[PDB]
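Written out below as structure tokens is the structure these notes cover.
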Amino acid sequence: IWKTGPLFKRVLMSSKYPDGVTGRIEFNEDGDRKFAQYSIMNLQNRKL
Amino acid sequence: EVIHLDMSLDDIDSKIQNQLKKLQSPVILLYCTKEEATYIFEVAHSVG
């Protein structure tokens, strides 16, 4: 197996980029993307 | 109490011993693999 694997995941999880291109890169306790950027749409006259 | 152990990081922050020190039962079940059981028995062999 690999011993640095889980350590590499630990280093990747502790990553902060407040001035990134997408916005603010930050990982949570499970390894996902925090501060999601969505857009609430609504269907009006057969158009979004 | 059904406890859970983490094998991704080695016992360096004093947590596995704190989770295994509260086991005062005459029989304990171990549900994990081999390379993990060698480490659990390795730390438990030093703790008691």
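Here Cβ is always computed from backbone atoms with ideal geometry, including for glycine, and neighbour counts include all displayed protein chains. Values in this text are rule-based calculations from the coordinates and carry no lab data.
Here are the numbers:
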{"read-out": "Among residues of region A:1-32, those that are closer than 23 Å to B:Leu9 by Cβ, out of contact with any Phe, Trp or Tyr (no Cβ under 7 Å at 6 or more places or on another chain) and assigned to a loop (DSSP other than H, G, I, E, B), counted", "value": "10"}
{"read-out": "Selected residue (criterion: surrounded by the most Cβ atoms within 10 Å (Cβ to Cβ)) from residues of region B:2-47 that are within 14 Å of chain A (Cβ to nearest Cβ) and not in a loop (DSSP other than H, G, I, E, B)", "value": "B:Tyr39"}
{"read-out": "Single match in B:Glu36, B:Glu42, B:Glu1 (criterion: within 21 Å of A:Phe8 (Cβ to Cβ), among the charged types (D, E, K, R) and free of Cβ contacts under 8 Å to residues at least 60 places away in the same chain)", "value": "B:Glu36"}
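Each row is one residue, and each column tells you yes or no for (1) surrounded by 10 or more Cβ atoms within 10 Å (Cβ to Cβ); (2) in contact with a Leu (Cβ under 9 Å, 6 or more places away or on another chain); (3) within 14 Å of chain B (Cβ to nearest Cβ).
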residue	(1), (2), (3)
A:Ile1	no, no, yes
A:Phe8	yes, no, yes
A:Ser14	no, no, yes
A:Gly20	yes, no, no
A:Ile25	yes, no, no
A:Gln37	no, no, no
A:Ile40	no, no, no
A:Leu48	no, no, no
